[PDB]
file target20.cif (mmCIF, C-alpha atoms)
data_start
loop_
_atom_site.label_atom_id
_atom_site.label_comp_id
_atom_site.auth_asym_id
_atom_site.auth_seq_id
_atom_site.Cartn_x
_atom_site.Cartn_y
_atom_site.Cartn_z
CA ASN A 196 49.61 -83.53 89.39
CA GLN A 197 51.67 -81.51 91.88
CA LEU A 198 54.06 -84.43 92.36
CA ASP A 199 54.49 -84.59 88.58
CA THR A 200 55.37 -80.89 88.47
CA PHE A 201 57.70 -81.13 91.48
CA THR A 202 59.51 -84.19 90.12
CA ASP A 203 59.94 -82.53 86.72
CA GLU A 204 61.41 -79.44 88.37
CA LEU A 205 63.79 -81.52 90.50
CA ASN A 206 64.87 -83.66 87.54
CA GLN A 207 65.65 -80.50 85.58
CA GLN A 208 68.25 -79.63 88.26
CA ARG A 209 70.01 -83.02 88.43
CA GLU A 210 73.30 -81.70 87.02
CA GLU A 211 73.33 -78.82 89.52
CA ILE A 212 72.50 -81.25 92.34
CA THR A 213 75.41 -83.50 91.36
CA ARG A 214 77.77 -80.52 91.09
CA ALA A 215 76.67 -79.26 94.52
CA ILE A 216 77.23 -82.74 95.97
CA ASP A 217 80.72 -82.90 94.45
CA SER A 218 81.61 -79.41 95.70
CA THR A 219 80.34 -80.14 99.21
CA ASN A 220 82.28 -83.42 99.13
CA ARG A 221 85.52 -81.62 98.24
CA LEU A 222 85.06 -78.90 100.87
CA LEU A 223 84.10 -81.40 103.58
CA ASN A 224 87.07 -83.62 102.66
CA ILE A 225 89.44 -80.68 103.12
CA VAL A 226 87.77 -79.74 106.41
CA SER A 227 87.84 -83.35 107.62
CA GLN A 228 91.56 -83.63 106.89
CA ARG A 229 92.03 -80.37 108.84
CA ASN A 230 89.79 -81.52 111.72
CA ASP A 231 92.94 -81.42 113.88
CA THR A 232 93.30 -77.72 113.09
CA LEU A 233 89.60 -77.29 113.88
CA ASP A 234 90.05 -78.91 117.30
CA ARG A 235 93.13 -76.80 118.01
CA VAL A 236 91.15 -73.67 117.08
CA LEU A 237 88.13 -74.52 119.22
CA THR A 238 90.34 -75.40 122.20
CA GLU A 239 92.23 -72.09 122.38
CA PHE A 240 90.50 -69.30 120.40
CA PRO A 241 87.24 -68.93 122.45
CA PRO A 242 89.20 -67.99 125.62
CA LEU A 243 91.17 -65.38 123.66
CA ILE A 244 88.01 -63.91 122.13
CA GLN A 245 86.29 -63.88 125.54
CA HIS A 246 89.20 -62.06 127.17
CA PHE A 247 89.36 -59.56 124.30
CA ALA A 248 85.65 -58.89 124.80
CA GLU A 249 86.40 -58.40 128.51
CA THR A 250 89.03 -55.72 127.77
CA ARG A 251 87.72 -54.09 124.58
CA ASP A 252 87.34 -50.75 126.37
CA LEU A 253 90.95 -50.81 127.60
CA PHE A 254 92.24 -51.64 124.12
CA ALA A 255 90.21 -48.81 122.60
CA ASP A 256 91.50 -46.40 125.26
CA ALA A 257 95.10 -47.46 124.60
CA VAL A 258 94.71 -47.00 120.84
CA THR A 259 93.06 -43.59 121.30
CA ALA A 260 95.75 -42.39 123.73
CA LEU A 261 98.51 -43.52 121.36
CA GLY A 262 96.74 -41.76 118.51
CA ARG A 263 96.41 -38.58 120.58
CA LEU A 264 100.16 -38.65 121.23
CA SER A 265 101.00 -39.53 117.63
CA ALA A 266 98.91 -36.78 116.02
CA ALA A 267 100.78 -34.07 117.94
CA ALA A 268 104.08 -35.87 117.36
CA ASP A 269 103.38 -36.05 113.61
CA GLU A 270 102.42 -32.38 113.34
CA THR A 271 105.53 -31.32 115.30
CA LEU A 272 107.91 -33.56 113.33
CA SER A 273 106.37 -32.56 109.99
CA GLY A 274 106.37 -28.83 110.71
CA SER A 275 109.98 -28.96 111.91
CA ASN A 276 111.77 -31.38 109.57
CA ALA A 277 113.17 -29.08 106.87
CA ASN A 278 113.58 -26.12 109.23
CA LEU A 279 115.52 -28.23 111.75
CA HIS A 280 117.65 -29.70 108.96
CA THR A 281 118.51 -26.25 107.60
CA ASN A 282 119.19 -24.84 111.07
CA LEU A 283 121.55 -27.71 111.90
CA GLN A 284 123.29 -27.42 108.52
CA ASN A 285 123.85 -23.70 109.09
CA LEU A 286 124.82 -24.04 112.77
CA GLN A 287 127.45 -26.72 112.08
CA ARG A 288 130.13 -24.14 111.23
CA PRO A 289 129.57 -21.86 114.29
CA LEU A 290 129.67 -24.97 116.48
CA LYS A 291 132.99 -26.07 114.95
CA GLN A 292 134.53 -22.61 115.28
CA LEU A 293 133.30 -22.34 118.88
CA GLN B 209 79.25 -65.04 99.51
CA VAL B 210 79.59 -66.41 95.96
CA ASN B 211 79.87 -63.00 94.27
CA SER B 212 82.69 -62.05 96.67
CA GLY B 213 84.78 -65.18 96.04
CA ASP B 214 87.92 -63.31 95.01
CA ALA B 215 87.83 -61.18 98.16
CA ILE B 216 87.44 -64.14 100.53
CA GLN B 217 90.20 -66.08 98.76
CA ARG B 218 92.48 -63.03 98.93
CA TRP B 219 91.94 -62.38 102.63
CA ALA B 220 92.29 -66.10 103.37
CA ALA B 221 95.70 -66.09 101.68
CA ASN B 222 96.68 -62.87 103.46
CA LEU B 223 95.56 -64.32 106.80
CA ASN B 224 97.72 -67.37 106.05
CA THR B 225 100.73 -65.14 105.33
CA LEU B 226 100.26 -62.88 108.37
CA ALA B 227 99.67 -65.83 110.70
CA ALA B 228 102.77 -67.62 109.39
CA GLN B 229 104.89 -64.51 109.92
CA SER B 230 103.49 -64.01 113.43
CA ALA B 231 104.04 -67.66 114.39
CA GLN B 232 107.61 -67.84 113.06
CA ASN B 233 108.52 -65.05 115.53
CA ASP B 234 106.77 -66.42 118.62
CA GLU B 235 109.73 -65.74 120.92
CA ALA B 236 110.05 -62.29 119.34
CA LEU B 237 106.37 -61.64 120.13
CA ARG B 238 106.75 -62.78 123.75
CA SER B 239 109.85 -60.61 124.19
CA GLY B 240 108.04 -57.68 122.59
CA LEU B 241 105.15 -57.96 125.04
CA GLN B 242 107.43 -58.47 128.05
CA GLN B 243 109.49 -55.41 127.10
CA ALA B 244 106.50 -53.25 126.11
CA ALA B 245 104.94 -53.73 129.54
CA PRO B 246 107.51 -51.66 131.57
CA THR B 247 109.00 -49.45 128.84
CA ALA B 248 105.77 -47.46 128.50
CA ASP B 249 105.74 -46.96 132.27
CA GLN B 250 109.34 -45.72 132.11
CA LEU B 251 108.50 -43.36 129.23
CA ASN B 252 105.51 -42.09 131.21
CA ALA B 253 107.76 -41.48 134.23
CA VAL B 254 110.31 -39.60 132.11
CA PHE B 255 107.63 -37.43 130.52
CA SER B 256 105.85 -36.74 133.83
CA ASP B 257 109.18 -35.62 135.29
CA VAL B 258 109.52 -32.98 132.54
CA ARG B 259 105.79 -32.27 132.41
CA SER C 211 71.68 -65.53 115.08
CA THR C 212 70.96 -61.94 116.12
CA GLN C 213 74.45 -61.75 117.60
CA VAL C 214 75.94 -63.19 114.39
CA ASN C 215 74.15 -60.65 112.19
CA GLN C 216 75.07 -57.74 114.47
CA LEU C 217 78.67 -58.98 114.58
CA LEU C 218 78.91 -59.14 110.79
CA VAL C 219 77.38 -55.70 110.18
CA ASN C 220 79.46 -54.05 112.91
CA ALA C 221 82.59 -55.73 111.51
CA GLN C 222 81.77 -54.36 108.06
CA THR C 223 81.33 -50.88 109.54
CA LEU C 224 84.58 -51.14 111.53
CA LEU C 225 86.62 -52.38 108.56
CA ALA C 226 85.14 -49.70 106.29
CA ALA C 227 86.01 -47.01 108.85
CA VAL C 228 89.54 -48.37 109.39
CA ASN C 229 90.61 -48.78 105.76
CA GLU C 230 89.31 -45.46 104.44
CA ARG C 231 92.75 -44.17 105.52
CA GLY C 232 94.21 -46.74 103.15
CA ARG C 233 97.68 -45.26 102.64
CA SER C 234 98.59 -44.93 106.32
CA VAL C 235 97.24 -48.34 107.31
CA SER C 236 98.95 -49.83 104.24
CA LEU C 237 102.27 -48.33 105.38
CA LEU C 238 101.99 -48.66 109.19
CA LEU C 239 104.24 -51.74 109.37
CA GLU C 240 106.85 -50.34 106.97
CA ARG C 241 106.98 -47.04 108.86
CA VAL C 242 107.19 -48.65 112.31
CA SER C 243 110.01 -50.91 111.10
CA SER C 244 111.80 -47.91 109.56
CA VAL C 245 111.50 -45.77 112.69
CA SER C 246 112.65 -48.72 114.83
CA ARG C 247 115.75 -49.08 112.65
CA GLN C 248 116.41 -45.33 112.74
CA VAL C 249 116.11 -45.12 116.53
CA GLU C 250 118.35 -48.17 116.94
CA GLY C 251 120.97 -46.63 114.65
CA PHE C 252 120.76 -43.24 116.36
CA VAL C 253 121.34 -44.75 119.80
CA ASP C 254 124.07 -47.07 118.49
CA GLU C 255 126.13 -44.55 116.50
CA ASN C 256 126.25 -41.93 119.31
CA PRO C 257 127.81 -43.58 122.38
CA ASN C 258 129.17 -40.25 123.69
CA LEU C 259 125.68 -38.85 124.29
CA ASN C 260 125.65 -39.77 127.99
CA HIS C 261 128.89 -37.90 128.74
CA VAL C 262 127.67 -34.90 126.73
CA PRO D 206 55.97 -71.75 93.34
CA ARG D 207 59.34 -71.38 95.11
CA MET D 208 61.16 -73.70 92.70
CA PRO D 209 63.24 -71.05 90.84
CA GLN D 210 64.42 -69.95 94.28
CA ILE D 211 65.35 -73.58 95.01
CA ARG D 212 67.35 -73.69 91.77
CA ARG D 213 69.09 -70.44 92.73
CA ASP D 214 69.91 -71.84 96.18
CA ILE D 215 71.34 -75.05 94.71
CA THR D 216 73.50 -73.23 92.15
CA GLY D 217 74.72 -70.77 94.77
CA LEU D 218 75.49 -73.61 97.17
CA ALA D 219 77.60 -75.34 94.52
CA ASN D 220 79.48 -72.14 93.70
CA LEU D 221 80.04 -71.29 97.38
CA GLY D 222 81.32 -74.81 98.00
CA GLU D 223 83.79 -74.48 95.13
CA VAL D 224 85.00 -71.09 96.41
CA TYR D 225 85.37 -72.42 99.96
CA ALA D 226 87.26 -75.47 98.67
CA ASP D 227 89.63 -73.16 96.79
CA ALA D 228 90.18 -70.91 99.83
CA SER D 229 90.22 -73.56 102.59
CA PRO D 230 93.92 -74.64 102.76
CA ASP D 231 95.19 -71.09 103.26
CA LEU D 232 92.51 -70.46 105.89
CA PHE D 233 93.42 -73.61 107.83
CA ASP D 234 97.17 -72.94 107.73
CA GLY D 235 96.46 -69.43 108.98
CA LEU D 236 94.23 -70.90 111.68
CA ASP D 237 97.05 -73.21 112.84
CA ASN D 238 99.53 -70.35 113.10
CA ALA D 239 96.82 -68.18 114.66
CA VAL D 240 96.33 -70.86 117.32
CA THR D 241 100.07 -70.69 117.96
CA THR D 242 100.00 -66.92 118.44
CA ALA D 243 96.70 -67.14 120.36
CA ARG D 244 98.25 -69.52 122.88
CA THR D 245 101.13 -67.05 123.02
CA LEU D 246 98.71 -64.21 123.82
CA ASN D 247 96.75 -66.29 126.34
CA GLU D 248 99.92 -67.21 128.24
CA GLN D 249 100.59 -63.45 128.68
CA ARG D 250 97.11 -61.99 129.19
CA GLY D 251 98.31 -60.15 132.29
CA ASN D 252 101.32 -58.74 130.44
CA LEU D 253 99.08 -57.55 127.60
CA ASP D 254 96.66 -55.87 130.03
CA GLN D 255 99.55 -54.14 131.83
CA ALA D 256 100.93 -53.05 128.45
CA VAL E 197 79.86 -86.10 102.69
CA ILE E 198 78.01 -87.83 105.53
CA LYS E 199 81.23 -89.12 107.11
CA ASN E 200 83.19 -85.85 106.92
CA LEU E 201 80.24 -83.68 107.96
CA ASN E 202 79.56 -85.98 110.92
CA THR E 203 83.22 -85.76 111.94
CA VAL E 204 83.26 -81.96 111.81
CA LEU E 205 79.90 -81.67 113.58
CA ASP E 206 80.90 -83.94 116.47
CA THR E 207 84.16 -81.98 116.72
CA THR E 208 82.09 -78.81 117.08
CA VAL E 209 79.70 -80.50 119.54
CA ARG E 210 82.61 -81.48 121.79
CA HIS E 211 83.24 -77.71 122.16
CA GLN E 212 79.56 -76.73 122.01
CA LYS E 213 79.72 -74.56 125.14
CA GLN E 214 82.81 -72.69 123.95
CA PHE E 215 81.48 -72.38 120.40
CA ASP E 216 78.28 -70.87 121.80
CA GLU E 217 80.09 -68.44 124.12
CA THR E 218 82.59 -67.28 121.49
CA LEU E 219 79.87 -65.94 119.19
CA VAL E 220 78.49 -63.76 121.99
CA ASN E 221 81.95 -62.61 123.06
CA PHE E 222 83.00 -61.81 119.48
CA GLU E 223 79.77 -59.88 118.90
CA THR E 224 80.37 -57.88 122.08
CA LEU E 225 83.97 -57.11 121.08
CA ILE E 226 83.04 -56.12 117.52
CA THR E 227 80.18 -53.90 118.74
CA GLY E 228 82.45 -52.22 121.29
CA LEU E 229 85.03 -51.55 118.58
CA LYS E 230 82.43 -50.34 116.06
CA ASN E 231 81.04 -47.83 118.56
CA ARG E 232 84.51 -46.18 118.55
CA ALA E 233 85.66 -47.13 115.02
CA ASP E 234 86.23 -43.55 113.85
CA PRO E 235 88.51 -42.58 116.80
CA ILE E 236 90.26 -45.96 116.44
CA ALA E 237 90.85 -45.51 112.71
CA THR E 238 92.01 -41.93 113.22
CA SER E 239 94.39 -43.10 115.96
CA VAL E 240 95.82 -45.86 113.75
CA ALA E 241 96.39 -43.40 110.90
CA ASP E 242 98.00 -40.90 113.29
CA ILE E 243 100.31 -43.61 114.67
CA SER E 244 101.39 -44.59 111.15
CA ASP E 245 101.95 -40.96 110.14
CA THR F 200 62.60 -95.35 109.04
CA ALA F 201 66.07 -93.80 109.34
CA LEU F 202 64.65 -90.38 108.50
CA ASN F 203 61.69 -90.81 110.87
CA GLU F 204 63.91 -91.75 113.82
CA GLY F 205 65.85 -88.51 113.27
CA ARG F 206 62.78 -86.55 112.18
CA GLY F 207 62.62 -84.45 115.34
CA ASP F 208 66.28 -83.48 115.12
CA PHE F 209 65.95 -82.69 111.41
CA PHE F 210 62.98 -80.38 111.92
CA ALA F 211 64.75 -78.73 114.85
CA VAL F 212 67.56 -78.10 112.35
CA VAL F 213 65.03 -76.67 109.90
CA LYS F 214 63.55 -74.31 112.50
CA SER F 215 66.96 -73.16 113.77
CA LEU F 216 68.30 -72.55 110.26
CA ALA F 217 65.07 -70.68 109.48
CA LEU F 218 65.74 -68.37 112.43
CA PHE F 219 69.37 -67.94 111.37
CA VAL F 220 68.61 -67.17 107.72
CA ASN F 221 65.63 -64.94 108.54
CA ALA F 222 67.84 -62.87 110.83
CA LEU F 223 70.83 -62.73 108.45
CA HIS F 224 69.29 -62.43 104.97
CA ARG F 225 68.70 -58.67 104.98
CA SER F 226 72.42 -57.75 104.89
CA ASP F 227 73.60 -59.49 101.70
CA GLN F 228 75.20 -56.33 100.30
CA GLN F 229 76.67 -55.51 103.71
CA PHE F 230 78.22 -59.00 103.67
CA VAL F 231 79.77 -58.33 100.26
CA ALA F 232 81.08 -55.03 101.62
CA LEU F 233 82.46 -56.83 104.69
CA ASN F 234 84.33 -59.36 102.56
CA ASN F 235 85.77 -56.66 100.29
CA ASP F 236 86.80 -54.47 103.23
CA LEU F 237 88.41 -57.46 104.96
CA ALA F 238 90.35 -58.29 101.79
CA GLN F 239 91.54 -54.67 101.54
CA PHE F 240 92.46 -54.52 105.24
CA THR F 241 94.50 -57.72 104.96
CA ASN F 242 96.11 -56.45 101.74
CA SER F 243 97.19 -53.41 103.77
CA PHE F 244 99.62 -55.66 105.69
CA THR F 245 100.78 -58.15 103.01
CA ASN F 246 102.24 -55.87 100.35
CA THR F 247 105.63 -57.60 100.75
CA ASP F 248 106.67 -61.05 101.94
CA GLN F 249 108.09 -60.15 105.37
#

call {"tool": "encode", "arguments": {"input": "target20.cif", "output": "structure tokens"}}
result
Amino acid sequence: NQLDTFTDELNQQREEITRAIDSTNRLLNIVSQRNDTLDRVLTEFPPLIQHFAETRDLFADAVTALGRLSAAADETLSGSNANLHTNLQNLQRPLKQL
Amino acid sequence: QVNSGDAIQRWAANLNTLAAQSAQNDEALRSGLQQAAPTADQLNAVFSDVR
Amino acid sequence: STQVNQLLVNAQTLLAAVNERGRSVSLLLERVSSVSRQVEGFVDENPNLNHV
Amino acid sequence: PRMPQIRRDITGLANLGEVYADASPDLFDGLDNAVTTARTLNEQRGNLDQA
Amino acid sequence: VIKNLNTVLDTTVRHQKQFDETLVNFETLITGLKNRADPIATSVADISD
Amino acid sequence: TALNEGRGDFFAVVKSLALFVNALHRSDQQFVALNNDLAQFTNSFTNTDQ
């Protein structure tokens, strides 16, 4: 009885099974024809990832230091753009006459 | 993974584009690294002189 | 598997934290290219700066 | 008793396969160029650390 | 399906040691970056600005 | 006979995939969020061609 129920349930999904088989076939065909790319990835990416994991702290420190510099630089260059422009525009003539 | 198909396709295409742009300028990338190594030290020296 | 799950959830957290500042990250490359061009032009067009 | 879940898994597997088939070529081209730039970075690990 | 899957799987098996180590290394890197994500994101935004 | 000769490997696959899925199934929405955030983050650098 249980085999009858199980076989009925599986037979009711035959179209979905065929579609899944076709989809897996297409994906695996594309991956098989890029197997060379897969080999080239697995030969050279794991060392890069390992070294990045070795120096994650240094990278984070570099990014944070650059951000610390850039926040102050941005506030200075945003609070002194228009004022510097106007001061230079006004001081052009005294510079020329001097 | 199925419900986010558009997102994975979009970032796959964007990864393709970014990787192509980065690979087409390989010598530019090497020169950028080789010049970024001592220029930051020189900038640090200049700033520490006028600290 | 534990490492894979932790990697995926931490990557989601990191990407969510990074791209909340969408405008600045979306313009980082344009702005760095623009400032590079401006600095190059400023140094190029003023060759008398050293004597000054 | 877990047969509706089996049907859900099969349908999701088919849909995920279709999405991955759509997104695969871009991913693999990006992986090729990423291998190029990754070899570039590996050849200058010391320069990157100094930077 | 059998042929292509076998090809890909033996390709992965040839680099089984590296494929095993890269998951751990990537998890370590991603965790280390996530523990400082907010300062990192703030720094990136400040650099762009 | 073909299945029985590889029966041990197949059930090792079943156990290992059970561990994998049991440790990864709780974060389905976090995975959707990860994919969307990755798409947005990559879109942040591919607004133009170059």

call {"tool": "interface_residues", "arguments": {"input": "target20.cif", "of": "chain F", "to": "chain C", "cutoff": "9 Å", "atoms": "all atoms listed in the file", "output": "PyMOL selection string"}}
result
chain F and resi 218-224+226+229-234+236-237+239-240+242-246

call {"tool": "closest_residue", "arguments": {"input": "target20.cif", "among": "E:237, E:225, E:197, E:204", "to": "chain F", "atoms": "all atoms listed in the file"}}
result
E:237

call {"tool": "residues_around", "arguments": {"input": "target20.cif", "residues": "residue 220 in chain B", "least_positions_apart": "2", "cutoff": "7 Å", "atoms": "all atoms listed in the file", "output": "PyMOL selection string"}}
result
(chain B and resi 216-218+222-224) or (chain D and resi 228+231-232)

call {"tool": "resolve_selection", "arguments": {"input": "target20.cif", "expression": "the PyMOL selection byres ((chain E and resi 224) around 10)", "output": "VMD selection string"}}
result
(chain A and resid 244 to 245 247 to 249 251) or (chain C and resid 213 216 to 217 220) or (chain E and resid 218 to 223 225 to 230)

call {"tool": "write_last_selection", "arguments": {"input": "target20.cif", "atoms": "C-alpha atoms", "output": "short mmCIF file (atom, residue, chain, number, x, y, z; two decimals), keeping the file's coordinate frame"}}
result
data_model
loop_
_atom_site.label_atom_id
_atom_site.label_comp_id
_atom_site.auth_asym_id
_atom_site.auth_seq_id
_atom_site.Cartn_x
_atom_site.Cartn_y
_atom_site.Cartn_z
CA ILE A 244 88.01 -63.91 122.13
CA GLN A 245 86.29 -63.88 125.54
CA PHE A 247 89.36 -59.56 124.30
CA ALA A 248 85.65 -58.89 124.80
CA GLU A 249 86.40 -58.40 128.51
CA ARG A 251 87.72 -54.09 124.58
CA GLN C 213 74.45 -61.75 117.60
CA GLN C 216 75.07 -57.74 114.47
CA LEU C 217 78.67 -58.98 114.58
CA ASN C 220 79.46 -54.05 112.91
CA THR E 218 82.59 -67.28 121.49
CA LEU E 219 79.87 -65.94 119.19
CA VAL E 220 78.49 -63.76 121.99
CA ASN E 221 81.95 -62.61 123.06
CA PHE E 222 83.00 -61.81 119.48
CA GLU E 223 79.77 -59.88 118.90
CA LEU E 225 83.97 -57.11 121.08
CA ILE E 226 83.04 -56.12 117.52
CA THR E 227 80.18 -53.90 118.74
CA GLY E 228 82.45 -52.22 121.29
CA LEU E 229 85.03 -51.55 118.58
CA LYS E 230 82.43 -50.34 116.06
#

call {"tool": "interface_residues", "arguments": {"input": "target20.cif", "of": "chain D", "to": "chain B", "cutoff": "6 Å", "atoms": "all atoms listed in the file", "output": "PyMOL selection string"}}
result
chain D and resi 221+224+228+231-232+234-235+238-239+242+255-256

call {"tool": "atom_distance", "arguments": {"input": "target20.cif", "atom1": "CA of residue 242 in chain A", "atom2": "CA of residue 214 in chain E"}}
result
8.1 Å

call {"tool": "interface_residues", "arguments": {"input": "target20.cif", "of": "chain A", "to": "chain E", "cutoff": "9 Å", "atoms": "only C-alpha atoms", "output": "PyMOL selection string"}}
result
chain A and resi 216-217+219-221+223-228+230+233-234+237-238+240-242+244-252+255-256+258-269

call {"tool": "atom_distance", "arguments": {"input": "target20.cif", "atom1": "CA of residue 250 in chain D", "atom2": "CA of residue 253 in chain A"}}
result
12.9 Å

call {"tool": "atom_distance", "arguments": {"input": "target20.cif", "atom1": "CA of residue 261 in chain C", "atom2": "CA of residue 244 in chain C"}}
result
27.6 Å

call {"tool": "resolve_selection", "arguments": {"input": "target20.cif", "expression": "the PyMOL selection byres ((chain A and resi 212) around 12)", "output": "PyMOL selection string"}}
result
(chain A and resi 204-211+213-219) or (chain D and resi 211-220)

call {"tool": "build_atoms", "arguments": {"input": "target20.cif", "residues": "range 245-259 of chain C", "atoms": "N, CA, C and O atoms", "output": "short mmCIF file (atom, residue, chain, number, x, y, z; two decimals), in the frame of the given file"}}
result
data_model
loop_
_atom_site.label_atom_id
_atom_site.label_comp_id
_atom_site.auth_asym_id
_atom_site.auth_seq_id
_atom_site.Cartn_x
_atom_site.Cartn_y
_atom_site.Cartn_z
N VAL C 245 111.18 -46.61 111.54
CA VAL C 245 111.50 -45.77 112.69
C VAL C 245 112.23 -46.58 113.76
O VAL C 245 113.10 -46.05 114.46
N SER C 246 111.90 -47.87 113.90
CA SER C 246 112.65 -48.72 114.83
C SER C 246 114.11 -48.81 114.42
O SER C 246 115.01 -48.66 115.26
N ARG C 247 114.37 -49.03 113.13
CA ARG C 247 115.75 -49.08 112.65
C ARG C 247 116.46 -47.76 112.86
O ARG C 247 117.63 -47.73 113.27
N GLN C 248 115.78 -46.64 112.58
CA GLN C 248 116.41 -45.33 112.74
C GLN C 248 116.74 -45.03 114.19
O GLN C 248 117.82 -44.51 114.49
N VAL C 249 115.84 -45.36 115.12
CA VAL C 249 116.11 -45.12 116.53
C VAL C 249 117.25 -46.01 117.01
O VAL C 249 118.14 -45.57 117.76
N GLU C 250 117.26 -47.28 116.58
CA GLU C 250 118.35 -48.17 116.94
C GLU C 250 119.69 -47.63 116.45
O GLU C 250 120.67 -47.60 117.20
N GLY C 251 119.73 -47.18 115.19
CA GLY C 251 120.97 -46.63 114.65
C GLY C 251 121.39 -45.35 115.34
O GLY C 251 122.59 -45.12 115.55
N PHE C 252 120.43 -44.49 115.68
CA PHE C 252 120.76 -43.24 116.36
C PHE C 252 121.35 -43.49 117.73
O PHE C 252 122.31 -42.82 118.14
N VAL C 253 120.78 -44.44 118.48
CA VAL C 253 121.34 -44.75 119.80
C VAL C 253 122.69 -45.43 119.65
O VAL C 253 123.62 -45.17 120.43
N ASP C 254 122.84 -46.29 118.64
CA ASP C 254 124.07 -47.07 118.49
C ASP C 254 125.24 -46.18 118.07
O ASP C 254 126.33 -46.28 118.64
N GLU C 255 125.03 -45.30 117.09
CA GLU C 255 126.13 -44.55 116.50
C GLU C 255 126.59 -43.37 117.34
O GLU C 255 127.57 -42.71 116.98
N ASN C 256 125.91 -43.07 118.46
CA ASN C 256 126.25 -41.93 119.31
C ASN C 256 126.44 -42.42 120.74
O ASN C 256 125.60 -42.18 121.61
N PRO C 257 127.56 -43.09 121.02
CA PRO C 257 127.81 -43.58 122.38
C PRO C 257 128.35 -42.53 123.34
O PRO C 257 128.45 -42.81 124.54
N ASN C 258 128.69 -41.34 122.85
CA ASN C 258 129.17 -40.25 123.69
C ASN C 258 128.06 -39.35 124.19
O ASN C 258 128.34 -38.34 124.83
N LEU C 259 126.80 -39.70 123.91
CA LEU C 259 125.68 -38.85 124.29
C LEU C 259 125.54 -38.73 125.80
O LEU C 259 125.19 -37.65 126.31
#
